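To start, the structure under review is shown below, and the notes come after it.
Values in this text are rule-based calculations from the coordinates and carry no lab data. For neighbour counting, all protein chains shown are included, and Cβ atoms are generated from backbone atoms with ideal geometry for every residue, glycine included.
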Amino acid sequence: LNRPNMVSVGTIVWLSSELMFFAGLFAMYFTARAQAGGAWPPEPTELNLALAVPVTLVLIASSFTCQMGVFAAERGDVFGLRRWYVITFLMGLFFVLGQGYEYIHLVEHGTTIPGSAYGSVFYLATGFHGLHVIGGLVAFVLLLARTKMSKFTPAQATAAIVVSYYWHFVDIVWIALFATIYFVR
Amino acid sequence: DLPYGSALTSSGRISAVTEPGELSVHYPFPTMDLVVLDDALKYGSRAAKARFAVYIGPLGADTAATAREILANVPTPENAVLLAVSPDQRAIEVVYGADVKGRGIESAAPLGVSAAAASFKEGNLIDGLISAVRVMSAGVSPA
Amino acid sequence: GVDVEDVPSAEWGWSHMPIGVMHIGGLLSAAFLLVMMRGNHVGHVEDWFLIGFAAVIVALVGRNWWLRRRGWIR
Amino acid sequence: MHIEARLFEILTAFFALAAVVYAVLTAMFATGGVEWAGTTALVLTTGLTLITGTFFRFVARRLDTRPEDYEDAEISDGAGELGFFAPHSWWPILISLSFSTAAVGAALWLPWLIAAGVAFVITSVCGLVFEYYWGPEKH
Amino acid sequence: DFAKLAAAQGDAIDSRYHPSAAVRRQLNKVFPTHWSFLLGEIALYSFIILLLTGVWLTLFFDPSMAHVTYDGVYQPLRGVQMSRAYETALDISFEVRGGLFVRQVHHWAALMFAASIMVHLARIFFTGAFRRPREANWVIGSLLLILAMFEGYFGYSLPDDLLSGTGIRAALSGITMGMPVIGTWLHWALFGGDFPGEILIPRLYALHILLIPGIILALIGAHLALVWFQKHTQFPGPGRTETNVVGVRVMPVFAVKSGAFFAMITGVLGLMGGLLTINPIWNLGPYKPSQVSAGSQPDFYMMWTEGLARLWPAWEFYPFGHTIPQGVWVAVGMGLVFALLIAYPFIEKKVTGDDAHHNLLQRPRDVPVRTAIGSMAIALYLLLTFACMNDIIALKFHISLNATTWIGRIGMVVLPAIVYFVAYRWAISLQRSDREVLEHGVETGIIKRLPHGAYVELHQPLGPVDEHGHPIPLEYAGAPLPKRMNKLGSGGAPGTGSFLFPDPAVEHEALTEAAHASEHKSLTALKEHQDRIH
Ligand SMILES: CC(C)=CCC/C(C)=C/CC/C(C)=C\CC/C(C)=C/CC/C(C)=C/CC/C(C)=C/CC/C(C)=C/CC/C(C)=C\CC/C(C)=C/CC1=C(C)C(=O)c2ccccc2C1=O
Ligand code: HEM
Ligand SMILES: CCc1nc2ccc(Cl)cn2c1C(=O)NCc1ccc(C2CC3(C2)CN(S(=O)(=O)C(F)(F)F)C3)cc1
């Protein structure tokens, strides 16, 4: 093993680009917060941290299970990789459903995109993160089927590794979003 | 010897160069009649199912034997019809291989030489070669 | 009739269409475009579009016929 | 790959200096304080270059020298099988057409067209990712 | 019990009717297993659905043009003058349990019928299945397409609503009226008078539940009898010749496959009839001749007709005190299409001079001229269909409606030619791809560098290889060639256990060896048969 895996370097480079996309989203969020006039989040929204903490913990532990799946895949254990990646998929889907519940709770009160600037930036940033999470889940399903189609070669493990890279990037961006939206406010 | 800027690479292939603005190919004929001759050779060889070849160069003594010598370089000499013209010695020789035997070429070759020389007498080398290839390809028939 | 150097599997199916049919069809289509100019419409941008498409079709037909005439297409 | 990680480290350093200097220079002397727009972009540009360079440095520390990175080496050092490269595929054009369908749906805001475009995108990405792994049809 | 009973029933059946020879001949009939040979099956199965639901619809529909006041449950139409047919259609939708579901399943099955007939016709045309001795079967199929089109037309016209009434007025009345000498006579024979007659809905009902379905059933029976007794075609392949049929016997593989496809097609139709709204006639309202809506369109299989009416540029003739309207063109247009559809095998026989008996299909790539012709036809059909819909296209995808009409007018001449050129070149290019794979072998995708620095892609010869190494050029035999090494058994055996937990390695070894040996045995059997018949 005396070469770099270029699928991995390509995935790192693209993940950096996606981080820059989220930079654009953060630039949207931070402006219009300096225009809050001492109310941020301005009324009537009420940030329910009580439901937001569990989904963050679920996403972080799902990254832990994804890393466990990578450890399984690197030694040629296709079945352990499938187990840990099904765990990661279920837990990421749990995160998506928790974010949906948070969305419906906020909307029922009156925090919407056409309502306020806070709802605007909040829904934009978190919805694009949720889109990235749905993309990650699609990647997980596709990779699991691909491992089912063929003998588990090193290229299979490379693909699983780069999918885990994508999941780690998503969980980190979510940690930044959480620390900026629910703690710094 | 290798010319200026020519190198024998590690694969045995030769890597040549050209001075900026110069030509890798400098045949003393226009591109249009060269295209005409290329089309004539290609389509006549497809129509006669036999490769055709045109040679311009010195023949020395016994132009027949020289044309025998040079048809060995054709990729498929047995299935080949080579028209060798020495314009300074004013010699024409059609040479045809074993596979092209009794395929209508027996009459075509003298008629090919007649067409070549008839067009030559005006002073058009490529026109005569084109005419000879055309008439020979008409004469020869696919196996 | 066509050979297998231009259409590899010419022995397996109908693989040649006479050039005259496509030439005549192109000219007829250009004529149809020209005919569609006379009508019950008041606009004239569509007239320019019809003239342009008829012009390009006639140019293609004439180019093909000319090149086949000189043997540039065999 | 010491030089690659070195390039990205240099870029990361310059971008960190630019971001911090911009934040300090607009916290004071700017009308609204921290600009909150250029600062975020510069900070995450530092993040981009940092991610790439740090990953490349982890790669290079555990990597023995390749022929490419070693001066005065022979071509025969590079002999052997390179990896796998797709000879051909018609899936990229279908992926692009599906993304275009979804983009047209989102431009004109036709939700059905967006849904159809996303379905086509998923199908064509499935085709691309599965292309060289479909085994023989088992009958 | 059910063994001695089966033996006794077989003995009784054979003593009364002695069908053993004929029944065994039917059980041993071999059918090729290509997926496209299932397309026709779809057109059959949806038809069966159209019968079943159709019969159900006859138990509640009243085909009358007599005026009534609604007086029903659907509030937005109470007190509205309508026809008895529209009233009973609303009653099917709202008053009968499962009536709306049966209506929607029936209309979805009509759409599937039309679409599957079109796809099956495409398969037959492009694969050359119409050639001798299968020309009369093409003629029957074309008549079936025409009959199905007019059957669906007369069907969605049965509930006398505003949209279908507009369709009846525009097409069945205006075009019929405008024809020369016998046009108005045809109109008055058909409608029994002027257009808003009293014997139109009953007449269409009798044409639609009995007459056209009876003709269609007779033609389908003749069609399938011909396919059964002129055995099915097949693609060229390993053991495939002009004199054999290679595939599976009727019992049990083919029967199970056909029954399961029937079940799954019925399931698709049921899901669509449940989860997708088709023809919600309470929103359209009853048909009044004085009112019309913007989106006046027929079902998709008829749209080209209306499209041909939209784009033709208002050319009329007035010879000696008479009028030949624009709609005449439309009728002629339809006829031309229909004629050119029915006579195509004879036209191609007259053009190519090929009157040989054929049983091996052609790949569409190997017949570039016919493939280009069919592409031209499909492109023209699609352009007419979308021209019919240019109003909705211009409302959604913002375009001038005049711009869409002019795009259609220029396109219905330019686009067929472009499509012909592109399709012809594309078919020849596919042939060249096959030739490259035969000359050099499957490109694996692996690239390696030689000690002198030459990059070479590893090639996989598909046959004999010369002394040092290079493929011995094979000969094209009219069959597909592998072009991905994954399709050959390269890297194709993961762990044999469940999706999450594996099985013991001994069972994996046994199953892998069994698969390997069975595949080798099948390949060997095919090769020995092919050598024996050669
Ligand atoms: C193959 C062929 C046409 C042979 C005929 C031979 C010939 C030259 C006849 C003369 C042609 C003439 C004179 C006129 C042409 C007009 C004509 C033939 C009318 C009769 C109707 C007819 C037989 C049409 C051809 C059959 C046809 C187009 C079948 C469809 C092609 C196939 C195989 C499609 C399979 C792909 C599939 C199942 C789904 C892909 C999804 C898409 C985008 C399908 C395209 C599509 C279609 C096809 C619609 O019909 C449609 C209707 C309403 C709204 C939208 C759509 C739509 O998007
Ligand atoms: C190829 C065969 C058939 C086709 C393509 C066809 C097509 C259609 C269509 C599209 C409708 C409109 C449904 C709606 O809008 O509600 C319809 C209505 C109807 N069909 Fe059929 N049909 C076929 C066969 C039959 C048969 C065999 C029967 C009777 C046994 C039947 C009975 C009816 C009745 C009574 C209606 C009017 C009731 C209603 O519209 O709800 N159809 N037909
Ligand atoms: C212009 C066609 C049309 N526009 C509209 C506008 C709105 C709507 Cl909602 C429907 N549409 C349609 C339509 O539904 N199109 C399908 C269609 C059905 C029947 C017919 C007629 C054509 C024949 C039956 C009539 N003839 S015939 O031979 O001369 C004679 F006299 F009947 F013998 C051919 C034509 C098209």
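Here region E:304-335 is the region considered, the condition is being within 8 Å of ligand 3 (Cβ to nearest atom) and within 25 Å of the chain's Cα centre (by Cα), and the residue that is farthest from E:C388 (Cα to Cα) is E:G335. Among residues of region E:305-317 that are over 16 Å from E:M179 (Cβ atoms), those with a beta-carbon under 8 Å from a residue that is away from ligand 1 (no atom under 16 Å from the Cβ) and part of a helix (DSSP H, G or I) at least six positions away or on a different chain give the pairs E:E306/E:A170; E:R310/E:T405; E:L311/E:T405; E:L311/E:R409; E:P313/E:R409. In region B:36-59, which residues are free of Cβ contacts under 8 Å to residues at least 12 places away in the same chain and not basic (K, R)? Listed by number, the residues that qualify are B:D38, B:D39.
So that you can scan it fast, the table gives a plain yes or no per residue for (1) within 13 Å of chain A (Cβ to nearest Cβ); (2) farther than 30 Å from A:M6 by Cβ:
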| residue | (1), (2) |
| --- | --- |
| D:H2 | yes, no |
| D:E9 | no, no |
| D:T12 | yes, no |
| D:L17 | no, yes |
| D:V20 | no, yes |
| D:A23 | yes, yes |
| D:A30 | yes, yes |
| D:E35 | yes, yes |
| D:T39 | yes, yes |
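Has region E:103-115 got at least one residue that is among the basic types (K, R) and within 9 Å of ligand 2 (Cβ to nearest atom)? Checked region E:103-115: at least one residue is among the basic types (K, R) and within 9 Å of ligand 2 (Cβ to nearest atom). Going through region E:270-281 one residue at a time, which ones are assigned to a helix (DSSP H, G or I) and surrounded by 16 or more Cβ atoms within 10 Å (Cβ to Cβ)? Of everything in region E:270-281, those that are assigned to a helix (DSSP H, G or I) and surrounded by 16 or more Cβ atoms within 10 Å (Cβ to Cβ) turn out to be E:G270, E:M272, E:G273, E:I281.
Name the residues in region E:292-351 that are within 11 Å of ligand 1 (Cβ to nearest atom) and of a type in the set (A, V, I, L, M), would you? Across region E:292-351, the qualifying residues are E:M302, E:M303, E:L308, E:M334, E:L336, E:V337, E:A339, E:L340, E:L341, E:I342, E:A343, E:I347.
Is one or more of the residues making up region C:46-65 outside any helix (DSSP H, G or I) and facing chain E (nearest Cβ under 7 Å)? There is no residue in region C:46-65 that is outside any helix (DSSP H, G or I) and facing chain E (nearest Cβ under 7 Å). Within region E:311-332, the set of residues being within 14 Å of chain C (Cβ to nearest Cβ) and either within 16 Å of ligand 2 (Cβ to nearest atom) or under 16 Å from E:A170 (Cα atoms) (or both) comprises E:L311, E:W312, E:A314, E:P325, E:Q326, E:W329. Exactly one residue among E:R78, E:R97, E:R103 is away from every other protein chain (no Cβ under 14 Å) and either within 16 Å of ligand 3 (Cβ to nearest atom) or crowded, with 17+ Cβ neighbours inside 10 Å (or both), and that residue is E:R103. I'd like to check something: does region E:171-186 contain any residue that is closer than 28 Å to E:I265 by Cα, within 16 Å of ligand 2 (Cβ to nearest atom) and not in a loop (DSSP other than H, G, I, E, B)? No; the residues of region E:171-186 include none that is closer than 28 Å to E:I265 by Cα, within 16 Å of ligand 2 (Cβ to nearest atom) and not in a loop (DSSP other than H, G, I, E, B). With respect to (1) within 14 Å of chain C (Cβ to nearest Cβ); (2) more than 16 Å from ligand 1 (Cβ to nearest atom), the lone exception for E:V367 is condition (2).
The residues of region D:19-50 that are in contact with a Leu (Cβ under 7 Å, 6 or more places away or on another chain) and either within 25 Å of A:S8 (Cα to Cα) or not in a helix (DSSP H, G or I) (or both), listed by number, are D:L44, D:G47, D:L48, D:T49.
Of the residues making up region A:60-90, those that are within 12 Å of another protein chain (Cβ to nearest Cβ) and either outside any helix (DSSP H, G or I) or of a type in the set (D, E, K, R) (or both) number 4. One residue stands out among those in region D:65-101 that are under 25 Å from the mean Cα position of the chain (by Cα) and of a type in the set (D, E): the one that is surrounded by the fewest Cβ atoms within 10 Å (Cβ to Cβ), which is D:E68. Within the option set E:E87, E:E41, being away from ligand 2 (no atom under 11 Å from the Cβ), more than 14 Å from chain D (Cβ to nearest Cβ) and out of contact with any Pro (no Cβ under 9 Å at 6 or more places or on another chain) holds for one residue only, E:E41.
Out of A:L25, A:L51, A:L57, A:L93, one residue alone is more than 14 Å from chain D (Cβ to nearest Cβ), under 22 Å from A:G119 (Cβ atoms) and hydrophobic (A, V, I, L, M, F, W, C). It is A:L51. Residues in region E:277-293 that are within 13 Å of ligand 2 (Cβ to nearest atom) and among the aliphatic types (A, V, I, L, M): E:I278, E:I281, E:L284. Residue check: D:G32 meets all listed conditions (1) over 25 Å from E:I447 (Cα atoms); (2) of a type in the set (G, A, S); (3) surrounded by 13 or more Cβ atoms within 10 Å (Cβ to Cβ) but one, namely (3).
Okay, residues lined up against (1) touching a helix residue (DSSP H, G or I) at 6+ places or on another chain (Cβ under 9 Å); (2) in a loop (DSSP other than H, G, I, E, B); (3) away from chain D (no Cβ under 14 Å):
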{"position": "E:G453", "(1), (2), (3)": "yes, yes, no"}
{"position": "E:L462", "(1), (2), (3)": "yes, yes, yes"}
{"position": "E:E467", "(1), (2), (3)": "no, yes, yes"}
{"position": "E:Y476", "(1), (2), (3)": "yes, yes, yes"}
{"position": "E:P480", "(1), (2), (3)": "yes, yes, no"}
{"position": "E:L500", "(1), (2), (3)": "yes, yes, yes"}
{"position": "E:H508", "(1), (2), (3)": "no, no, yes"}
{"position": "E:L523", "(1), (2), (3)": "no, no, no"}
{"position": "E:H534", "(1), (2), (3)": "no, yes, yes"}
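Of all residues in region E:374-381, none are more than 10 Å from ligand 1 (Cβ to nearest atom) and not acidic (D, E). The set of residues in region A:142-167 that are within 11 Å of chain D (Cβ to nearest Cβ) and either among the basic types (K, R) or touching a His at 6+ places or on another chain (Cβ under 9 Å) (or both) comprises A:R146, A:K148, A:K151.
Annotation: of all residues in region E:107-138 being in contact with a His (Cβ under 7 Å, 6 or more places away or on another chain) and more than 14 Å from chain C (Cβ to nearest Cβ), the one that is farthest from ligand 1 (Cβ to nearest atom) is E:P133. Please list, ordered by residue number, the helices (runs of 4 or more DSSP H) wholly in region E:337-400 having 1 or more residues that are within 22 Å of the chain's Cα centre (by Cα) and buried (at least 20 other Cβ atoms within 10 Å of the Cβ). Passing ranges, in order: E:344-352, E:368-388. Within the option set B:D33, B:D99, B:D38, being among the acidic types (D, E), under 13 Å from the mean Cα position of the chain (by Cα) and either within 14 Å of chain E (Cβ to nearest Cβ) or closer than 24 Å to C:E5 by Cβ (or both) holds for one residue only, B:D38. Being within 9 Å of ligand 2 (Cβ to nearest atom) and either part of a helix (DSSP H, G or I) or within 14 Å of another protein chain (Cβ to nearest Cβ) (or both) is the filter here, so list the residues in region E:151-170 that pass it. Matches in region E:151-170: E:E151, E:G152, E:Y153, E:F154, E:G155, E:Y156, E:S164.
Within region A:165-185, being out of contact with any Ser or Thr (no Cβ under 8 Å at 6 or more places or on another chain) and crowded, with 19+ Cβ neighbours inside 10 Å holds for A:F169, A:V170, A:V173. Of all residues assigned to region E:424-445, at least one qualifies as being free of Cβ contacts under 8 Å to residues at least 40 places away in the same chain and polar (S, T, N, Q).
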